[PDB]
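enclosed are the sequence and the experimentally obtained structure.
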Amino acid sequence: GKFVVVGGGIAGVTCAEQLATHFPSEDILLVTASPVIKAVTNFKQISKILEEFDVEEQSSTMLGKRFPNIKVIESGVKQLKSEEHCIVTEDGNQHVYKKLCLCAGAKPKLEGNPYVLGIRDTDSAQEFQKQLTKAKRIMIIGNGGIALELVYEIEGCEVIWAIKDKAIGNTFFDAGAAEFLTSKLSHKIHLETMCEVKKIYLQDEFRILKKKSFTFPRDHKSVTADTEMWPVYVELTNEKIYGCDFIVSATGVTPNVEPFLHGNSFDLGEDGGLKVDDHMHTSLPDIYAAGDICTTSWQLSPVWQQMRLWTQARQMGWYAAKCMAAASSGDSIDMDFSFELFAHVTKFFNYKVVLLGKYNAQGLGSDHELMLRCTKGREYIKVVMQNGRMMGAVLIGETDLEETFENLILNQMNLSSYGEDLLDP
Ligand SMILES: Cc1cc2nc3c(=O)[nH]c(=O)nc-3n(C[C@H](O)[C@H](O)[C@H](O)COP(=O)(O)OP(=O)(O)OC[C@H]3O[C@@H](n4cnc5c(N)ncnc54)[C@H](O)[C@@H]3O)c2cc1C
């Protein structure tokens, strides 16, 4: 059997390229479910942990031109017979493997189909907003990715933002940092909290049903009914019903583990992903996983956590490919240092954003010290500590605590002496 890699995603492509670079004479199969292959472009090394790049899209032949021993099968996997050491794909064909790597990623949660618009990791705020110019009122559900940036961006019309959370903020920023970012930002923006889409109607069904619809809330005096018609109507969790021109969906996402589960006995993580050890090896023999589809299930570092990220996906695919290569060669790679410190770098509202470690005190509940310095429109420096040792940080705006904070979190020394010194060079 060949080396088989499933998923034309970041982790799958990274794994396939590394496998080709490890076994040039062998053929490495890359099973994909789309004619698009996401490639990493303009890799930037910033430190031993910090890394930045962007994501372009190639065809299959573009990859084949630089990697000839990678043969791509454009037919998504529909079944995995792990006992019989093979996979069956949509065309009806079978392919045996000596070592398999699963990188199918994670699928969304999917009812007003013409007017509900999905978002993906290739969308930008301006590019997406370009189509929403001639629209009177937009409902955005969830905080996924561009959602935050989009809510406070569109100046044209009314935004209604329905979230499961209590206050504003996506997975990156708590309510404080979200408030800091949008300080410079008229926009009719109303926030519905602790709710999700209970039901959706198109006005053809709704007018037959003949139920109410509310106005955009101005004051605390009362809630009245709408007057103008709307293409779509949303009945939210808290029985509130709103008319709407277009609906942006930024809902959650679950690992795309469905095709590979029947007939097998995978050990799943709590979130539904495939559990992987420190070698990206899953519960089943000769099967590895990386990307959004897996669950890091070793004794993880206290300043690291897994997240949906291009950076983590690339790193996981790379380590998985190297582990598969070393296992086939019997080199017995014993690297236990693999993932040391969580880090992420972005620019949201023209602000340089750097997140390190337990940047929101994830997991370390109630028994954590928090320090903060701020300058409105200029700087945000949040610091999370425990037992004198630094556990995470958020640096928004052009600070220069990035390198030093990385070093401090990695060292984890009992810095019980310094007080507010840590917030200024
Ligand atoms: C709206 C949104 C915005 C995001 N923004 C960012 C961002 O700004 N930065 C960031 O770092 N991360 C972002 N992410 C995270 C995103 O999920 C990353 O791309 C992810 O971390 C990388 O996933 P992956 O390596 O598992 O591969 P994926 O990108 O998930 O790709 C997996 C591949 O497998 C293929 N596949 C699926 N099923 C099968 C099958 N049965 N057989 C064969 N192939 C199959 C898919 O077609 C796909 O090509 C965002 C996610 C979402 C949803």
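On my side now, so go ahead. Residues are numbered from 1 along each chain as shown.

in this structure residue 377 contacts residue 185, no?
No. Taking contacts as C-beta atoms under 8 Å, residue 377 lies outside contact range of residue 185: 11.3 Å. (C-beta placed from N, C-alpha, C; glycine too.)

show me the domain layout of the chain.
Listed domain ranges for the chain are 2-107+253-329, 116-249, 343-423 (source: automatic domain parsing).

deepest in the core, which of those domains is it.
Each of these was assessed for mean neighbour count using mean count of other C-beta atoms under 10 Å. The highest is domain 2-107+253-329, with a mean of 19.

in the stretch 51-200 of the chain, which residue sits closest to the ligand?
residue 105 (2.0 Å; C-beta to the nearest ligand atom).

may I have the residues that are in contact with that residue?
With contact set as C-beta atoms under 8 Å, 6 or more residues apart in numbering, residue 105 has these partners: 7, 9, 11, 255, 256, 291, 292, 293.

check the offset of the longest helix seen in the chain from the chain's centre.
Ranked by residue count under DSSP state H, the longest helix found in the chain is helix 310-329. Relative to the centre of its chain, helix 310-329 is centred 19 Å away, using C-alpha atoms, centre = their mean, to the nearest Å.

packing partners of it?
In terms of contacts (3 or more C-beta pairs under 8 Å, 6 or more residues apart in numbering; DSSP states H and E), helix 310-329 is packed against helix 10-22, strand 51-58, strand 94-102, strand 287-289.

what parts of this protein come near the ligand?
Proximity of the chain to the ligand (C-beta under 6 Å from any ligand atom) is limited to residues 6-12, 31-34, 76-77, 103-106, 119-121, 144-145, 253, 256, 259, 291-293, 308-311, 313.

let's see which of those residues end up in helices.
Among the residues of the chain next to the ligand, the members falling in helices are 10, 11, 12, 310, 311, 313 (criterion: DSSP H).

and which of the residues you listed is nearest residue 353?
Using C-beta to C-beta, residue 311 comes nearest to residue 353 of these, at 13.5 Å.

is it correct that residue 143 is in contact with residue 250?
Yes. The criterion here is C-beta under 8 Å, and residue 143 meets it with residue 250 at 6.3 Å.

contacting residues for the residue most central in space within the chain?
Residue closest to the average C-alpha location in the chain (C-alpha atoms, centre = their mean): residue 308, at 3.0 Å. Residue 308 is in contact with 106, 253, 292, counting by C-beta under 8 Å, 6+ apart.

which ones among those residues map onto strands?
Among these, the ones falling in strands (DSSP state E) are 106, 253.

I'd like the distance between residue 220 and the ligand.
Residue 220 is 34 Å from the ligand, where distance means C-beta to the nearest ligand atom, to the nearest Å.

can you give me the strands for the stretch 301-425 of the chain?
For the stretch 301-425 of the chain, the strands defined by DSSP state E, counting those that start in this stretch cover 343-347, 352-357, 369-375, 379-386, 389-396.

circling back to that earlier point, most widely separated two among the ones in helices among the residues of the chain next to the ligand?
Most distant of those, by C-beta to C-beta, are 12 and 311, 15.7 Å apart.

give me phi/psi at the residue of the stretch 51-200 of the chain closest to the ligand?
phi 70, psi -150 (degrees, to the nearest 10).

measure it to residue 3 for me?
Residue 105 sits at a distance of 19 Å from residue 3 (criterion: C-beta to C-beta, to the nearest Å).

in a strand, residue 129, correct?
No. Read with DSSP: H, G, I helix; E, B strand; the rest coil, residue 129 is helix and lies in no strand.

need the contact list for the closest residue to the ligand within the stretch 151-300 of the chain.
Residue of the stretch 151-300 of the chain nearest the ligand, by C-beta to the nearest ligand atom: residue 291 (2.4 Å). Taking C-beta under 8 Å, 6+ apart, we find residue 291 in contact with 7, 9, 10, 11, 12, 103, 104, 105, 106, 313, 316, 317.

doesn't residue 103 make contact with residue 7?
Yes. With contacts counted by C-beta under 8 Å, residue 7 reaches residue 103, the gap being 3.4 Å.

what touches both of these two?
Residues touching both residue 7 and residue 103 (C-beta under 8 Å, 6+ apart): 291, 293.

still on that earlier bit, quick one: the residue of the stretch 151-300 of the chain closest to the ligand from residue 315, how far?
From residue 291 across to residue 315, the span is 10 Å (C-beta to C-beta).

go on, residue 263?
Distance, residue 263 to residue 315, by C-beta to C-beta: 31 Å.

could you find the closest non-adjacent residue to residue 281?
Excluding its sequence neighbours, the residue lying closest to residue 281 (C-beta to C-beta, 6 or more residues apart in numbering) is residue 288, at 5.5 Å.

what bridges to that neighbour?
For residue 288, the beta-bridge assignment (DSSP bridges) gives partners residue 101, residue 281.

residue 182 - nearest residue in space that isn't next to it in sequence?
residue 152 (4.7 Å).

before we move on, what about residue 336?
residue 278 (6.3 Å).

the one you found contacts residue 298, correct?
Yes. Taking C-beta under 8 Å as the definition, residue 278 is a contact partner of residue 298 at 4.5 Å.

if we compare the domains of the chain, which one ends up closest to residue 336?
domain 2-107+253-329 (6.3 Å).

which residues touch the residue nearest to residue 328 when sequence neighbours are not counted?
In space, and not counting its chain neighbours, residue 328 is closest to residue 99: 6.4 Å by C-beta to C-beta, 6+ apart. The contact partners of residue 99, by C-beta under 8 Å, 6+ apart, come to 3, 4, 286, 287, 288, 324, 327, 328.
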